[PDB]
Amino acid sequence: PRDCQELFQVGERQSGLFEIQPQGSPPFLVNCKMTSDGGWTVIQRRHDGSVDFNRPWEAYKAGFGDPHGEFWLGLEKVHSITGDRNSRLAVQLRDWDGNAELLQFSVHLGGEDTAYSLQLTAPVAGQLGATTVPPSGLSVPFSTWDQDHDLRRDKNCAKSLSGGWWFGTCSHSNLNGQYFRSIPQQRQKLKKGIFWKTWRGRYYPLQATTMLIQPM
C-alpha cells in the first residue's frame, strides 16, 4: 500500500502503525488513523512535551520523535505520500479545558526543491485569514532556525520562536513550538509556544495537537 488510504481501501480498520511504500520510496512505518471518511496519515502529534521539537532542517526533513508518543513524521516522507496531489490536511487542536478544534484544508505540498512549500489556493488562504491573495494562490516554505526563509535580512522567524514551521507570518501559528504546561514569566516565552492564533490567541499554549493528511 502506498499510504493509509490504500490500507483503508484494502480493508484495514485499525488505527496504529503500518508499513507503507509510496511510489519511489523505501518502505517505512506510519501512524494511520482509520475513520469513516477513509485512511489518514498522522504527520505530527503533541500532547505532553516529552519530545524536543527545537530541531534543525535535516531533522524536520527526516522526521523525529516517538512513533508511540509525540512525533514529527518528516517532510520527505510526507511529500512522498502526497506527491503532487491535492491533499486534505486536518489540523486538530486541544486546549487546557479539554475543548477540541477540528480544522481541515485542501493543500498541495511541494518537494525539497520548494523547501517543502505549502501551496494554497486563494480561497484556502482566505480560510486561514489572508485577505488579499491572487487567484494564483500562496506558497509558504517550511523554515527551521538553520534554514529560515524570512526575506528580511534583519530577521529569522524560526530562530526567534522555536521549532520548524510554515511561517507565512511569524504570527499565524506554530504547532511545533516549545511545549508549555503553564504561563512563563513573560509573553516572551509563550511567544515561542504551540499556538494557533485564530482559535485561542497568539499566546495561548495548546495542550495537544494532531496533523493528518489524506491525498485526493
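Numbering starts at 1 and follows the sequence shown.
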Give yes or no for this: do at least a third of the other compared entries, each modelling residues before and after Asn54, lack coordinates for it? no
Please establish whether a third or more of the other compared PDB entries omit coordinates for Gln44. no
Between 147-155 and 34-42 (mean CA B-factor, as deposited), the higher: 147-155
For the C-alpha atoms alone, is the average B factor greater in 196-204 or in 14-22, going by the entry? 196-204
According to the Cα B-factor stored in this entry, which of the following is highest: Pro141, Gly74, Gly98, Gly111? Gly98
Candidate residues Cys170, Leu29, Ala62, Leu175, the one whose C-alpha B factor the record puts highest: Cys170
Pull the Cα B-factor of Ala130 out of the PDB entry and bin it into the chain's lowest, middle or highest third. highest
According to the PDB entry, is the CA B factor of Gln104 in the bottom, middle or top third of its chain, that is, lowest, middle or highest? middle
Test of reading the entry: by CA B factor among the chain's modelled residues, which third contains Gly164? lowest
What third of the chain does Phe180 rank in for C-alpha temperature factor, lowest, middle or highest? highest
Where does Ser136 sit by CA temperature factor within its chain: lowest, middle or highest third? highest
